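Asker:
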Amino acid sequence: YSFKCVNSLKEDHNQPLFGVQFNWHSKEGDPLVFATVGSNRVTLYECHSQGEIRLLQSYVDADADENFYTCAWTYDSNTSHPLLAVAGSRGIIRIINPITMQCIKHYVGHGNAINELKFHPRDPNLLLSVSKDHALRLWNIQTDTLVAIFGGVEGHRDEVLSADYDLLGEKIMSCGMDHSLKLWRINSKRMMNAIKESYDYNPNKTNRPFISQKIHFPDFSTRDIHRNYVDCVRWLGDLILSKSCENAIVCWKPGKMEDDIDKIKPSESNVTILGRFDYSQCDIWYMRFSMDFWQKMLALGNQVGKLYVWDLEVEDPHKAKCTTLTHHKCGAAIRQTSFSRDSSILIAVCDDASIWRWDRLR
Amino acid sequence: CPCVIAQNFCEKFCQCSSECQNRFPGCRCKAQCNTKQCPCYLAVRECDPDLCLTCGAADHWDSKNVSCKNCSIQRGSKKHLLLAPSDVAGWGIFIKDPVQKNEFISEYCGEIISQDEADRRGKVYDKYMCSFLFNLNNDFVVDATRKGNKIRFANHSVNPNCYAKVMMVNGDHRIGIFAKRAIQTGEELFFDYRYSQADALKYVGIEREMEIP
Amino acid sequence: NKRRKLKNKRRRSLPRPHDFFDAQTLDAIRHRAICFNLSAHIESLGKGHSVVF
Amino acid sequence: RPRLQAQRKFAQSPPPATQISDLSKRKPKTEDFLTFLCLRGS
Amino acid sequence: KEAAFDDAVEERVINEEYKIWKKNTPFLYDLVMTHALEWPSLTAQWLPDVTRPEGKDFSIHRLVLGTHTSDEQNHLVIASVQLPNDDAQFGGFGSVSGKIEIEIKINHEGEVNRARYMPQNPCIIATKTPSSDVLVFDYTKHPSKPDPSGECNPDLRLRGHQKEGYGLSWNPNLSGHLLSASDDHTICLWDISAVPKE
Amino acid sequence: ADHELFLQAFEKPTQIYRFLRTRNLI
Amino acid sequence: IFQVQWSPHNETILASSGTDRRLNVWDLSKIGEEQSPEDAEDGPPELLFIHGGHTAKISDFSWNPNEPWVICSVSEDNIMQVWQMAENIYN
Amino acid sequence: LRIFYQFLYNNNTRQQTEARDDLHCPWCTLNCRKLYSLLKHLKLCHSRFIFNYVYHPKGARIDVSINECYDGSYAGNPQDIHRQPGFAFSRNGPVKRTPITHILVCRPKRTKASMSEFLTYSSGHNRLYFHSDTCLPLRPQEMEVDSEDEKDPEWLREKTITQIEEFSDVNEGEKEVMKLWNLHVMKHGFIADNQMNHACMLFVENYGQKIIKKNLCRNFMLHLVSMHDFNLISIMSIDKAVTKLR
Amino acid sequence: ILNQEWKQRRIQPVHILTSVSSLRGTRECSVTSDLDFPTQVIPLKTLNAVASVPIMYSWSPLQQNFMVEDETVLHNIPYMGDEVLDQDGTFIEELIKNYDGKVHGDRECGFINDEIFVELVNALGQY
Ligand SMILES: Nc1ncnc2c1ncn2[C@@H]1O[C@H](CSCC[C@H](N)C(=O)O)[C@@H](O)[C@H]1O
Ligand SMILES: [Mg+2]
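Residue numbers (PDB author numbering), protein chains in the order written: chain G, 80 to 441; chain V, 534 to 746; chain B, 170 to 222; chain Y, 108 to 120, 138 to 166; chain C, 4 to 93, 106 to 213; chain W, 81 to 106; chain P, 320 to 410; chain R, 426 to 544, 556 to 682; chain U, 55 to 181.
Next up, the structure:
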């Protein structure tokens, strides 16, 4: 439980970055690779020993002005090539193949900026895209068809911000500016019929446009947790985690401690809070936390450049942990944290187009 | 009589007597309850299918070929509409097939709210200087932000080819849009918004054409 | 009309028609032209219209 | 005041009118820009 | 590879060039008429007959077009055109509604590889097909509204070829005399000047 | 005034016609 | 080259179509006529005109009766064009 | 005559030059022999800019500026622009699209040269239409009679049932009935009172098996009572319903 | 379970940038090292283009009007481009007065699950 600054870098365009994503699809032993997106550029690096990090590749968009926002690593079932997709303010989604160093797929169906991208833990052709259009879409990146559109008569009213798959990949949570957090399901018969259909469609075959699925109702929701924005949520086994600009992270479960997660009636009107976590100076929004693939530690960026670290272990959240690893160079802000498949290294992005690196000493 | 003090007639659902003079007779017109003679047409309404047993309004509540050109909204036979990025600002509707002047096109549906309520959302709509608000009567305002149909995507002009008509149907106000001339395939649609000329130039100041003379 | 006025159409700000050419197809032209000239020297010798050997 | 402050995303916070050759000056601006005389038309 | 990149470039260039040629046309032609069909064609034949309605500024002509669709029902088509027949006239030049209109559709089995009208009878035309034979038709014997079923009266098809071809020529002086030429390395000649038992 | 703006802008249309020059010439 | 067609109404006028997305018009009278170096760099004399409409392989074309100087053209791009050249070129 | 140029940049700056070997195009080296023809060839061919004739005393001067709009965008099947890459510009198989027709050259003027002067309609669909609800392209075949609009929106049927279920002071033998009816009401849009007789007729004509399978006909009759009470049924049909029921 | 399924795969390694001769002239990027390391330099890579579409929002279709009860509390606060209201931060307060200062989440003063409320009500005897 000790990371040390073994390297720190800085870009040249000096425009703030947002994204950090190790490729968690490393065949055991392969080098550590990770990427980061900035104003209108992407960056490819590789972790080396002795705090060495090596520039690998970088692309850029010129034909317009955009501030890229998110990324996600996946692969191709067909030939196992690594796959990275990104999206920015323009609201378009691109798909790049580093093996050929080209973009092979682009998607345009939103109406505003995008805010996050994630994949189904099991299926690799299912991309979830969260936007400001109040609508959370979901694509089959392989047959080039939309599937669902969550939002409508009972959706979010203002600029959905963040979402998160359950650990197994059948349940989602969503959070946006309207203090509102709503539950969606995927396991429903209708849903999976739809998905299977999606995996089968030839445009040349029919004169019909594929028929998506519109969903106008959350499985459950409330706004009683915070009295401010909510901009990042994390499934916890069957528990919940969320942050606000109120300088505290909270864990809770819906209903009562006795209430199972999978028996919850849609008209449920109660929630159970368990504990709180604390920190200092997160007085702005759009700042995220991450966790190890082994769900044992917690990382979080900070406004003034600090850090705050806990353990996801039996440490009682009343007095679970407190670990602040700090350096004296930048205190502008830190947007996002990221671990490898193991807990070896931890990266974070400062607000000034500067990178950091922290090598763990257990 | 509340009907009376409302300067409004009696509808068959009123409790004004079965001969209460405050009631309304009903269309009698023969060719179509449509031109400048038919009384329903003057006191702008649609000849209800209980009364105009002459212009066919009653007939063919199932069949779809009638004579009363003043029954369409109830039957609701709009046209086939398309969508595309406009040539003025963002999106904008496009018609599909030719149409003769003074003809039905569609309704302008939406949510309904009290007057003052509409003055709150409008405060924000003004900020971005974009809105969907539309005033229905002295008391109610229709809102096409969260719900509606394609027509919400029509653009403003000053010499347009369509116009609105606050009508009165079955004791309920509505809104219809009708062509202002003949129109063939593919054109775009407009109609004056009837803004105050000051704000009209503030929010909607695009011309699409220069001074011909 | 059989005869109307000349071509006149303008307003405050019409939408921009989203030009076609991309940087990605642009730079290839530049590169090609450079090595071409350094094989040819026409802007220097052939005045853009005559080829040296 | 606390329930009245708007939330914030970010922190608190040529002389010689020479010739057409200016064209031939412009398109190559590296890697052996020929004619050696375009630099005057910088 | 390379050819892909190169072709993208070439496409963009061609687009530019067409833009220029369009901008430059007005000083170049005495007429510009462009029209887009849903499916392309492979044939071209002007019907030798013309009608010119009075009180107007335009003639009327009929054109013989084929069809090679992707997969769906094939058709033989002949449509209408309103050429300006005037020197002082110029919505655009005449009426406002339309200057071109389809008038003749006939179901067709396979694409059209060739089509020419008979010089002696314009109501007689020939047809080369993806098959190894020839088809003849007389439009006056079929409605413009096409058979929604599909294939219909071949109207005395022919025989004598084994692969498809493209050659087609009636004899101008002699009726019925018509030549053919196909991948068979052969020239086949029918004489339909008199075939009572079709 | 980063004159590269004036440069970069008028840079673009040039090479196009330049290529086009040769092309049309042949 | 895939098509050649003489001109009705004109004894010395012919037409050449092919795949180059172009269309030519020749002249049998101007065979080897001394032309200015700029006329020559324009092209040889006997070549009369070149059509510049289509943007694909020109599938087919045709003269017509009933009209002196017009030809329709069909490409592989669902495109049908009809034109009449300017008059000044001849005479 | 010495010829000069001037390169405007929205007046924030500029640059000026002079034409060498003038009357030959500074780009395509086209030999124009007149200021007239040269001005023409320039304002037409090299169109991506704009020009102006200044007539400096030395013989000619042209202050150039960039075009502002220059609507240059792809002119083909307007759909290809959005084909997922690798398929766009396939150019290897016939494709169907909507018909259009333009006219550009109808009757020329054929005027004469005038240096003082120096200082097209549509028919058919000419754009890319989109789906009303997903903002996706619209194939030329999908734009057929399919009109993606009718009286019954799914989300509405759901919402009304749910709202009904909020009510506490009701028996299931009533809620089920109200829903089973209101939905069929929506399904056809009944307005005229002369329809209500046929209405209840068709209602059981559809929901016969169900109410039987629901064993709920007795509350159906209570509803018939209520409706006659509201002066829309005659007694001459109330029974007639229970008759047709079995 | 997940680690298991992950253990059934095989995935390529990436190769670092290798500039192609197709662009002898381009731009490049470099990253300074804040620590004792040199700086690497690599030519940028250009992406193809895609076309965008105008803005739009969420909305559900309809064919007849719809009643809506009134709204008394704000329940949410908008967000401009954070530079506009940097000059007109009062508009917020104006709106606040319009709704007479009432937004959901405000005046929360903690939380209540109505069970402790019932307990206090039974406990808060008349004193
Ligand atoms: N002609 C015009 N000029 C300027 N603004 C216009 C306009 N037509 C519509 N608008 C804007 O659009 C709003 C009406 S809602 C229609 C929006 C538009 N049709 C679209 O592309 O989505 C108005 O509030 C106004 O702000
Ligand atoms: Mg493409």
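By construction, the Cβ of each residue, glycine as well, lies at the ideal position given by its N, Cα and C atoms.
1. Which residues, taken in chain order from the stretch 584-607 of chain R, show a beta carbon closer than 8 Å to some beta carbon of chain Y?
2. Can you give me the C-alpha to C-alpha distance between residue 135(U) and residue 375(P), rounded to a whole angstrom?
3. Can you tell which of 98(G), 80(G), 89(G), 102(G) has the C-alpha that lies nearest to the C-alpha of residue 60(U)?
4. Given a cut-off of 7 Å, decide if residue 323(G) and residue 309(G) are closer than it, judged by their beta-carbon atoms.
5. Find out if the Cβ-Cβ distance for the pair residue 295(G), residue 226(G) is shorter than 7 Å.
6. What number of angstroms, rounded off, separates the C-alpha of residue 573(R) from the C-alpha of residue 566(R)?
7. Which one of 705(V), 574(V), 719(V) has the shortest CA to CA distance from residue 121(U)?
8. DSSP on residue 42(C), reduced to helix/strand/coil?
9. Report all residues from its chain with a CB closer than 6 Å to the CB of residue 687(V); omit the five preceding and five following residues, and keep chain order.
10. Unbroken alpha helix (DSSP H) runs of length 4 or more, entirely within the stretch 109-178 of chain U: which are they?
11. Using 7 Å as the threshold, is the C-beta distance between residue 235(G) and residue 212(G) below it?
12. Determine whether the beta carbon atoms of residue 129(C) and residue 181(C) lie at a separation below 7 Å.
13. Counting along the chain, where does the beta strand (DSSP E) carrying residue 153(G) start and finish?
14. If we count the other Cβ atoms within 10 Å of its Cβ and call it buried at 16 or more, is residue 174(B) buried or exposed?
15. Hey, does residue 454(R) have any beta-carbon neighbour from chain Y nearer than 7 Å?
16. Tell me which same chain residues have a C-beta within less than 8 Å of the C-beta of residue 611(R), skipping the five on either side of it?
17. DSSP three-state call for residue 398(G): helix, strand or coil?
18. Please determine if the stretch 28-47 of chain C and the stretch 360-379 of chain P are in contact, where contact requires at least 3 C-beta pairs separated by less than 8 Å.
19. Scan the stretch 270-331 of chain G and note each continuous beta strand (DSSP E) run of 3 residues or more that stays entirely inside, going in chain order.
20. Excluding the five sequence neighbours on either side, which residues of its own chain have a C-beta within less than 8 Å of the C-beta of residue 351(G), listed in chain order?
21. Could you list which residues in chain C have their beta carbon closer than 7 Å to that of residue 171(B), in chain order?
22. Count the other CB atoms, across all protein chains shown, that sit within 10 Å of the CB of residue 171(U); report buried if there are 16 or more and exposed otherwise.
23. Could you round the C-beta distance between residue 168(G) and residue 192(G) to whole angstroms and report it? I think they count as a contact, below 8 Å.
24. Would you mind giving the Cβ-Cβ distance between residue 142(Y) and residue 442(R), rounded to the nearest angstrom? I have them listed as a contact below 8 Å.
25. Could you tell me which uninterrupted alpha helix (DSSP H) segments, each at least 4 residues in length, are contained entirely in the stretch 484-541 of chain R, listed from first to last along the chain?
26. Please list the partners that residue 522(R) has in chain P, where partner means a Cβ-to-Cβ separation under 9 Å.
27. Closest to residue 515(R) by CA distance: which of 7(C), 30(C), 80(C) is it?
28. Taking the alpha-carbon positions, what's the residue 380(G) to residue 84(G) distance?
29. Please enumerate, following chain order, all residues with a beta carbon closer than 5 Å to at least one heavy atom belonging to ligand 4.
30. At which residues does the beta strand (DSSP E) containing residue 127(G) begin and terminate?
31. For ligand 1, I want to know if residue 176(U) counts as a neighbour, meaning its beta carbon is within less than 6 Å of at least one of the ligand's heavy atoms.
32. Check residue 180(C) in the structure and name its three-state DSSP category.
33. Rank 171(C), 60(C), 37(C), 137(C) by C-alpha distance to the C-alpha of residue 209(C) and give the top, closest one.
34. Restricting to Cα atoms, I'd like to know which of 659(V), 661(V), 680(V), 652(V) is closest to residue 668(V).
35. Closest to residue 569(V) by CA distance: which of 707(V), 682(V), 659(V), 635(V) is it?
36. Which of helix, strand or coil does DSSP assign to residue 69(U)?
Answerer: Put simply:
1. So the list is empty, because no residue satisfies the distance condition.
2. Between residue 135(U) and residue 375(P), the C-alpha separation is close to 49 Å.
3. 102(G)
4. Yes, they are a contact pair.
5. no
6. 5 Å
7. 705(V)
8. coil
9. 626, 722
10. 139-142, 144-152, 169-177
11. no
12. yes
13. 149-154
14. exposed
15. no
16. So the qualifying residues of the chain are 600, 601, 603.
17. coil
18. These segments touch.
19. Counting only runs of 3 or more residues that sit fully inside the stretch 270-331 of chain G, the beta strand (DSSP E) segments are 292-294, 299-301, 309-315, 318-323, in chain order.
20. Annotation for residue 351(G): 331, 332, 333, 334, 335, 336, 338 place their beta carbon closer than 8 Å to its own, counting only its chain and skipping 5 residues before and after.
21. Result: 93.
22. Under the 10 Å beta carbon count, residue 171(U) is surrounded by fewer than 16 other beta carbons and is classified as exposed.
23. 4 Å
24. 6 Å
25. Complete alpha helix (DSSP H) runs here, min 4: none at all.
26. Close partners of residue 522(R) in chain P (Cβ separation under 9 Å): 397.
27. 7(C)
28. Those two C-alpha atoms are separated by around 15 Å.
29. Within the structure as shown, ligand 4 is missing, the only ligands being ligand 1 and ligand 2.
30. 121-127
31. no
32. Three-state DSSP puts residue 180(C) in a strand.
33. Residue 171(C) holds the alpha-carbon nearest to the alpha-carbon of residue 209(C) among 171(C), 60(C), 37(C), 137(C).
34. 652(V)
35. 635(V)
36. In the structure shown, the three-state DSSP call for residue 69(U) is coil.
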